[PDB]
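For reference, the structure discussed in these notes is given below.
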Ligand SMILES: Nc1ncnc2c1ncn2[C@@H]1O[C@H](COP(=O)(O)OP(=O)(O)O)[C@@H](O)[C@H]1O
Ligand SMILES: Nc1ncnc2c1ncn2[C@@H]1O[C@H](COP(=O)(O)OP(=O)(O)O)[C@@H](O)[C@H]1O
Ligand SMILES: Nc1ncnc2c1ncn2[C@@H]1O[C@H](COP(=O)(O)OP(=O)(O)O)[C@@H](O)[C@H]1O
Ligand SMILES: Nc1ncnc2c1ncn2[C@@H]1O[C@H](COP(=O)(O)OP(=O)(O)O)[C@@H](O)[C@H]1O
């Protein structure tokens, strides 16, 4: 019956905003390597939504080249007049973004070739801007160890988040107006299982839509009805 | 002599609308795997008919590629200016649908290659929208098990409907104004045989057109005259 | 200090030999679909080792065609003079194997195209012999449903083994001369975890080589020392 | 404990031998159209095994052409010196088989093109021999209706067998030494379900191998244990 919150600031969100603003204002490269289902994509989307001079793209294996990634960057910077070449595209990206004190955000940096990430680091080094990587722990694990070693000298900042926190899901429950202590422990048990923010928000929206359709309050019984579903331990 | 109902809300329809709104507002992927003749196509059509920011396509083996599916999507989103390439088409689809909080509905997801469904999940993950699959039980059975395993982490919701319910055909009979208890049992016997909604609506419209042509009421005799046809147990 | 047994007859081995001799003497097709680590490969190898007029090949994705599979068959039947064509190869395979009352054994039948398995079933139907498939549960799950439906009429026999039995690991412990009841329960706990025969034989040979290097008897402590290794619950 | 019979003469076998010898000595074309699992393949194999001047091939969709079928015929007639052309191959087949008063047997004649079956009927008409077709009821159903109409004038004989008989399974039970009346009725119930000879011989060999492994007689309980398997009514 109250509003379902689309987002809440957490301890992990306040950490990743600190590292984000650090990589931007420092104008240096930071890696966010950690297991997904923790919210780094939506946190970076929230940062780009709140703050200007911030740019965030995604990288697919269908867009794993240098040219496709720079085309994504040209679409993100607001330039539909991107040349199909690699050279003058790169120099136009260098022209547009110089002096902006901007921030480039890279999601799924584990799908990168060495030439692609090398062109991105030489780009940001020739632009005096900040670069932020996302993905699993393989993003850092592809570097330990000699081809990204100068990049390992440029990579100074990383905040690695494997699993969530107690105050993390506590602030989430505060956003969703949850005060049951057994409910708190059950949400922590949800946070124990992987895909934590995903499975958590699934269970929360199931319980919320159930409590609105039945006209009631989300209780621990609606949490058991939601979390008992989704077939997580089914092989 | 009264109006033949084109649609009725059922328990299965109320379940699949719940899962549909869940996959949309959750902005995550849900699978509807189950044997056909249960009404999932017309229920999704009804949901798109009642609700805005909702998009539903179909997938044929003649349109089983990435490019044909994205062309279907571009036709569904109202963009006749779709480029024939795969790249700028995908980025235009990403531009148009971002911020819309929309819902993509996929019918017959059993005909999918791994690259096609991978491009769709990377699309919706780069669009912050909801994706709904339809088809038989092979849609989930193609995943159990490693190539869609990260998608099995994204696939959290599924409502599997094999056969219908008693209150299902009861609400259908209430839409068709049927109060015979033997008529109720005979409609349940229709629901026992597969292609349940198809064979059921066939028998209902035969009995209705028969009762209008003879100027009478649909009785159990018109139900036997309709259901005795269609040659279901003929080899 | 006694001899480590390379093989023991089990209840599952006696079942799969029954189904094997049934598919051979019946001269019809039988499917063995079940999760691996149960010993179906070594049981079929043991059957071919003990019995004549028995042939067993493997199928890789590198040999997933009709021609490569029939080349494997020609190598298995003892014919190095196999033509590189598909036709006269198939007719020579039909000539050599007719009247032999033989048995063809197929391992990893989940990697099959429809043309390959169709050529194998038309081969064995034109040879009056038995065909045995192996693999996971996807071997049968690729048929439920119309292209292998006549093959589903030819497939009459299947013995599906998901997990092991109590008398299974009891006979294994009897082969390895184990009489501890807590040791029996711990071997059953090994059998609970998947890759059951693989992980079991790994733990047994670790404990046996440890007891021979230390000059002792395999105890429950050597079982904990072996089974505590292998890093099964490590992510 | 007695010998499992590989074959028994039935009423259907005595009928199909009558039609077989009729098509041969008449030197004319006969069609055997009927649902499989009735034993027409093994009956024709038995006829070729007992009788000389008898030839039986199979036809696959991989060998659906004229040339592949005549190559099968040249392999069946004992001529490995078959030319790869269509002409001199056909004339050598006409030379070898003239004056022999032979019999050509065709299995799965439903996979035939019109040119293939036309070349076979012009072959046998230019050889003064007999031609026998096998397959489902579609073999005759592809002719009703003008392109095989002169062949419908040459096709004078057909014996269509859809399902088995009481004396059929009675003679089978006499071959398998079965004297239980409830056992007789249960074997008739096996004969009711399609794939009759296939499912029947499967159940018989399961009960026989079970009675030999347990050292007992095949009873009605072994028939229930065999026939209760095979998962026939499982979807
Ligand atoms: N503050 C928040 N409150 C609730 N859910 C959140 C929050 N931030 C992120 N999420 C969740 O995170 C999920 C996606 O992030 P995630 O999958 O962890 O990204 P990645 O795959 O890049 O690690 C979304 O389903 C969203 O519900
Ligand atoms: N509420 C309803 N009342 C009556 N019939 C329905 C209803 N919803 C769906 N149907 C029937 O469902 C049929 C088509 O759905 P279906 O074939 O089950 O889709 P799919 O093939 O994707 O499973 C239509 O013939 C329609 O008559
Ligand atoms: N009788 C037996 N005693 C001990 N181990 C066995 C026996 N039969 C099979 N195995 C084990 O089975 C393993 C391989 O079989 P498996 O991997 O299950 O085949 P598949 O992969 O085809 O299922 C081997 O490691 C072997 O040790
Ligand atoms: N006299 C017989 N006694 C027992 N079984 C028989 C006999 N004749 C044929 N069969 C059975 O018929 C089966 C194959 O024939 P079938 O499949 O009917 O041929 P088609 O597929 O061409 O119709 C075999 O499994 C064999 O066991």
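In order, the residues displayed for chain C correspond to 67-210, 215-305 in Swiss-Prot numbering, which applies throughout.
Placement of Cβ uses the backbone N, Cα and C atoms for every residue, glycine included.
Listed in Swiss-Prot for this protein:
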type	residues	note
BINDING	C:100, C:101, C:102, C:103, C:104, C:105, C:106, C:107	ATP binding site
SITE	C:151	site 'Involved in DNA binding'
SITE	C:152	site 'Involved in DNA binding'
SITE	C:202	site 'Sensor-1'
SITE	C:224	site 'R-finger'
SITE	C:268	site 'Sensor-2'
Whole-number Å value for how far residue C:107 (ATP binding site) lies from residue C:151 (site 'Involved in DNA binding') (Cα to Cα): 30
Residue among recorded positions C:106, C:151, C:152, C:224, C:268 with least C-beta crowding, 10 angstrom cut-off: C:151
Length of the line joining the Cα atoms of residue C:268 (site 'Sensor-2') and residue C:103 (ATP binding site), in Å: 5
Recorded sites near residue C:101 (ATP binding site), in sequence order, restricted to C:152, C:202, C:224 and a 10 Å Cα cut-off: C:202
C:100, C:101, C:102, C:103, C:104, C:105, C:106, C:107 excluded, remaining Cβ within 8 Å of their centroid (ATP): C:231, C:266, C:267
Number of Cβ atoms other than its own within 10 Å, given for residue C:105 (ATP binding site): 25
Separation of alpha carbons, residue C:103 (ATP binding site) and residue C:224 (site 'R-finger') (Å): 28
Cβ neighbours of residue C:107 (ATP binding site) where a neighbour is any other Cβ within 10 Å: 16
Annotated recorded positions C:101, C:102, C:104, C:107, C:224, filtered by Cβ under 6 Å to ligand 3: C:102, C:104, C:107
Residue C:152 (site 'Involved in DNA binding') and residue C:104 (ATP binding site), Cα-Cα, nearest whole angstrom: 35
Greatest C-beta neighbour count within 10 angstroms, which of the binding-site residues C:100, C:102, C:103: C:100
Residue pair residue C:202 (site 'Sensor-1'), residue C:106 (ATP binding site) - Cα distance, angstrom, rounded: 11
Distance [Cα-Cα, Å, rounded] between residue C:103 (ATP binding site) and residue C:152 (site 'Involved in DNA binding'): 35
